[PDB]
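Each chain, written out:
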Amino acid sequence: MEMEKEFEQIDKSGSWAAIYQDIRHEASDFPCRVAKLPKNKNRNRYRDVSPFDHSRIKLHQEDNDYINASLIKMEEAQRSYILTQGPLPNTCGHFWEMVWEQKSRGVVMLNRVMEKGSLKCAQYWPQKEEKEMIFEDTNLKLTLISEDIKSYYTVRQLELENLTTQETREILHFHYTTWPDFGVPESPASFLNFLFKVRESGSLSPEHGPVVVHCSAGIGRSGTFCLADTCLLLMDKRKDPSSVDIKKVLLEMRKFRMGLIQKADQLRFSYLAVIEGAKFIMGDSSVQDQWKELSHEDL
């Protein structure tokens, strides 16, 4: 793999920080005017993280269609993702409205509600079957149906009901619970296993709306997740690990949302994930059970 070669070259010459800065320098810059309107200040978690106007998700409501979320639409890979910030105490109804209107099947969460002693996200889904949530502002009902807790992630089945029409949908919630507080996993196996668990659920598929992916800001781990998935998909579509330029893929993604992949560690890790996941893609179907062997169940 030309990327495994580039990988070793970048490591040998210790130039990940400089490579990453090259990415920052070249990335698209597009206006974020709607995000910056005074009426929307309380709809944003970080003042430095905003959806571009051209790719933002619009709520289908009359009074204020703003949510901090971007449609990342990858043409060649034929895959779409919504990246959004972790919902705020006042935007949880907006978040579920978006899930409803965009017809999403999966929600992928890559952070813990509390990290480094601070609240990175609101508790936007019910933790107990018998305590459903009602979002009055967007008229939606949300019910925990079942959980399945594994060592490094949790899968939840939720039922989202439009209280207006009374239609209901099954949403799958994929919660990666063990992203380290300060660095990156440094072994991709559990990340890959988690990714493939998401893929197997059908959440990433064309017959559904785009999967919603979020961390705290929706660019760091979120970017890593989408970048790896798209690179693997592309390698798959031409069975050719060589034509896939990950840096070009990132950057293509940065046309749709700023700041995707927050540091050189996450960049390096992205290569690792893609390189390792390429073993599966290329015919070695048994590498998936090896990733699961080094994972599944332990806190």
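Chain by chain, residues are numbered from 1 following the written sequence, and this numbering need not agree with the entry; no residue without coordinates is displayed. The basis for every side-chain value is the complete set of heavy atoms in the structure, and neither hydrogens nor water enter the calculation. Residues with missing side-chain atoms are left out of burial classes, side-chain pairs and their counts.

Method of determination, as annotated in the archive: X-ray crystallography, at 2.403 Å resolution.

Short version of the rule: UniProt positions are given in the numbering used here, feature names are shortened, and annotations may be inferred rather than shown by experiment.
Per the PDB entry, the chain goes by the name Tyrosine-protein phosphatase non-receptor type 1 and belongs to Homo sapiens. You can read under Subunit (literature references left out) in the UniProt record for the chain the words "Interacts with EPHA3 (phosphorylated); dephosphorylates EPHA3 and may regulate its trafficking and function. Interacts with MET. Interacts with NCK1." As recorded by UniProt, the Sequence similarities comment attached to the chain reads in full: "Belongs to the protein-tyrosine phosphatase family. Non-receptor class 1 subfamily."

What to know about the overall build of the chain
For the record, the criterion: Under the scheme used here, helices are H or I runs from DSSP no shorter than 4 residues and strands are E runs no shorter than 2 residues, and both carry numbers assigned from the N terminus. Atoms counted for the radius of gyration: C-alpha only. Globule rule: 2.2 Å times residue count to the power 0.38. Whether two residues are in contact is decided by their heavy atoms: any pair within 4.5 Å suffices.
A tally of helices and strands in the chain yields 9 helices and 11 strands. Since a compact globule built from 299 residues should have a radius of gyration of about 19 Å, the 19 Å found for the chain is in line with a globular shape. Taken along its principal axes, the extent of the C-alpha atoms in the chain is 55 × 40 × 40 Å. Contacts in the chain between residues far apart in sequence, at least 24 positions, make up 64% of those at least 6 positions apart.

Remarks on the pairing of strand β2 (residues 66-74)
Operational definition: Partly exposed residues are those whose accessible area sits between 20% and 50% of the maximum for their type, while under 20% is buried and over 50% is exposed, using a 1.4 Å probe and protein chains only. Two strands qualify as a pair provided DSSP detects at least 2 bridges between them.
Burial analysis of β2 places 7 of its 9 residues in the buried class, which makes it a mostly covered element. Where strand β1 (residues 56-58) meets β2, 2 bridges bridge the pair, whose relative direction is antiparallel. Counted as the bridge partner of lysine 58 is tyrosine 66 from β2. Two elements, β2 and strand β3 (residues 79-84), share 6 bridges in a ladder whose sense is antiparallel. Among the inter-strand pairings, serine 70 is bridged to a residue of β3, identified as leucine 83.

Concerning the layout of surface pockets
Quick note on the threshold: Residues are called lining when one of their atoms sits within 4 Å of a cavity or pocket point, these points coming from a 1 Å grid over the protein atoms alone, where a cavity is a set in which a 1.4 Å probe fits but cannot get out and a pocket is an open set with protein on both sides within 12 Å along at least five of seven lines. Grid points are joined across faces, edges and corners, and a volume is the space filled by probe spheres set on the points. Under the scheme applied, nonpolar residues are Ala, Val, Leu, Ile, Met, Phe, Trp, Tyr, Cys and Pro; charged residues are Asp, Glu, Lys and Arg; polar residues are all the others, including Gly.
Within this model, the largest pocket holds a volume of roughly 410 Å³. Forming the boundary of the largest pocket are 19 residues, of which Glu115, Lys116, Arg221, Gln262 and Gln266 lie nearest the centre. Of the residues that constitute the lining of the largest pocket, the class distribution is 7 nonpolar, 5 polar and 7 charged. Looking at the second largest pocket, its volume works out to about 210 Å³. Elements supplying a minimum of two residues to the lining of the second largest pocket: β2 and α7 (246-252).

Quick word on the packing of aromatic side chains
Which entries qualify depends on this criterion: Centres within 6.5 Å make a pair out of two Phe, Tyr or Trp rings, where for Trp the six-membered ring is used; the pair is then stacked when the planes are under 30 degrees apart, edge-to-face when over 60, and tilted otherwise. By definition here, charges over rings are those cases where NZ of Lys or CZ of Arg is within 6 Å of the ring centre and within 35 degrees of the ring normal.
Taken as a whole and assessed by the stated rule, the structure comprises 21 aromatic pairs. Ring geometry for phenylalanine 95 and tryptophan 96: centres 5.1 Å apart, planes at 90°, overall edge-to-face. Assigned by exposure class, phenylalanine 95 and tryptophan 96 land together as buried. Among the aromatic residues, ring-to-ring pairing joins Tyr152, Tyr153, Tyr176, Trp179, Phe191, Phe194, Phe225 and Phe269 into one connected group. Residue placement shows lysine 116 over the ring face of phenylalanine 182; its charged tip is 4.6 Å from the ring centre. The ring of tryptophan 100 has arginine 169 lying over it, and the distance from NZ or CZ to the ring centre is 3.8 Å.

With respect to the UniProt feature "active site" in the chain
Residues annotated in UniProt with the feature "active site" correspond here to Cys215. By secondary structure assignment, the location of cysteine 215 is in the loop between β11 (211-214) and α6 (221-237). Those residues in contact with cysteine 215 that sit more than four places away from it in its chain are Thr84, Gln85, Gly86, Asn111, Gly220, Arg221 and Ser222.

Considering the sheet that holds strand β4 (residues 106-109)
Under the convention used in this document: Note on geometry: axes are lines fitted to C-alpha atoms, helical ones only across the stretch in contact, with angles between N-to-C directions running from 0 to 180 degrees.
Reading across from one edge, β1-β2-β3-β11-β4-β10-β9-β8-β7 is the order of the 9 strands in this open sheet, with mixed pairing throughout. Of all the strands in the sheet, the pair left with one neighbour each is β1 and β7 (133-135). Adjacent strand axes in the sheet meet at a mean angle of 30°, parallel and antiparallel pairs treated alike. Note: strand β9 (residues 153-162) against strand β10 (residues 168-176), 9 bridges, orientation antiparallel. When the sheet's bridge partners are listed, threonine 154 is paired in β10 with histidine 175. Against the sheet, helix α4 (residues 92-101) engages β1, β2, β3, β4, β7, β8 (140-149), β9, β10 and β11, with an angle of about 80° to β9. The sheet contacts of α6 involve β2, β3, β4 and β11, and relative to β3 the element is tilted by about 175°.

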